[PDB]
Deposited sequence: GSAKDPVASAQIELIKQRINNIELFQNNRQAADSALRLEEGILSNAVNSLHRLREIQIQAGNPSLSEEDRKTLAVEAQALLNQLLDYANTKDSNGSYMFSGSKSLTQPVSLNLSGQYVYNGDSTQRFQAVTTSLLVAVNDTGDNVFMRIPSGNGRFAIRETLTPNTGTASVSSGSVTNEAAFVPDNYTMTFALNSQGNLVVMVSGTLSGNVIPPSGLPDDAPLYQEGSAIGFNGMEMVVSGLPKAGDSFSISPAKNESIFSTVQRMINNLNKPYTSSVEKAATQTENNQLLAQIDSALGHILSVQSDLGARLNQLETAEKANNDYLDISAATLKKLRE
């Protein structure tokens, strides 16, 4: 059977393609599996940091005991740096010999790599990303709740007010701006809430005028332009907060903020409320980090699943080739 011969040869040639891509398959497999192990170490570090942030938000924790948690925080920051600078550097893209994350003289951590992914050919027609890049994994994560950030203004607050991380509850109505939220005394002497924005002008109330503004209610939801957030405690006329859109920000920066927030004073009721708005932000930012690394793990696991699915196709072709021959 010149057909039988033809088959024999096609099996010869497909079998050789399988052998010729082994080094690569093994190569792609080790690299990915090794990355997973590092990413999972980062998740372990992040979880430990989350537990610190939850602990740090408890009002009945000493100032001294709170400060000492800052030391562990640093240990975990270092862990993350280590993982990010794992070695040829894993998370630096095409700049193999360049240390991806380093600390500049301003005090901010910066990324020295580039954003190029390497793709390994594991079959004639299949290409699989073999690495991730430091900018994507550790550096570009959204601040605040993921959509907007809340920080205390330059004029420091004198009350015990603090804000939750909030959320965008109505996307249709969402409007990005740099909002300022201020509390003021009414004409009748009561505490009222006001909100305005650079681009949007006066939001709550449109009037701008205190007498038109809604009374402050502790633990109540204040909402405007698609957003919604809860102020707690007793603010003082004059106190204010900035609500801004979310910056990209590295896991590292988040932990630095943690270290700084842990070192703030924490015995007086006013002092504690100062830390709280920020406590709520950092919890979000850790969860954003946690979620974010998970998505990189998920995509890494997808890339594995491309490669295992190819190996199955192989093992099935041998089983069928056997059957013929």
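Counting from 1 along the deposited sequence, which stretches lack C-alpha positions?
Absent from the structure are positions 1 to 4, 92 to 95, 334 to 338.
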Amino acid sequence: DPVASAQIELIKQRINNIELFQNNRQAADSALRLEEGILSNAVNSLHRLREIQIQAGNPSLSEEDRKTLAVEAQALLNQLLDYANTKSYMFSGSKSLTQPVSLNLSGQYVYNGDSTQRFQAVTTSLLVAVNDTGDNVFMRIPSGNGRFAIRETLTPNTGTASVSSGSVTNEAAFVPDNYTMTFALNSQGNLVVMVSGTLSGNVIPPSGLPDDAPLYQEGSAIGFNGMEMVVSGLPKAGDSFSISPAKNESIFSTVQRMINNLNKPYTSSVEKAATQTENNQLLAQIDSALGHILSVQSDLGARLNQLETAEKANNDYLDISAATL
From here on, numbers count along this sequence of modelled residues.
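Greater mean Cα temperature factor according to the PDB record, 268 to 276 or 294 to 302:
If you average the C-alpha B-factors of 294 to 302 and of 268 to 276, the larger mean comes out for 268 to 276.
Would 224 to 232 or 153 to 161 have the larger average of its C-alpha temperature factors, as given in the entry?
Taking the mean B-factor of the alpha carbons in each, 153 to 161 is higher.
Tell me, please, which of 142, 208, 176, 166 has the highest C-alpha B factor according to the deposited entry?
Top of the list by C-alpha B-factor: 208.
Selection from 84, 172, 243, 213 [criterion: highest C-alpha temperature factor in the record]:
Of the options given, 213 has the highest CA B-factor in the PDB entry.
Pull the Cα B-factor of residue 237 out of the PDB entry and bin it into the chain's lowest, middle or highest third.
It falls in the top third of the chain.
Taking the C-alpha B-factors as the PDB entry records them, is residue 146 in the lowest, middle or highest third of its chain?
For residue 146, the deposited C-alpha B-factor lands in the lowest third.
Could you look up the Cα B-factor of residue 114 in the entry and say which third of the chain it sits in: lowest, middle or highest?
For residue 114, whose C-alpha B-factor we compare with every modelled residue in the chain, the answer is the middle third.
Would you mind checking where the Cα B-factor of residue 134 ranks among the modelled residues of its chain, as the lowest, middle or highest third?
It falls in the bottom third of the chain.
Please rank the C-alpha B-factors of the chain's modelled residues and tell me whether residue 89 sits in the lowest, middle or highest third.
Middle third, going by the recorded CA B-factors of the chain.
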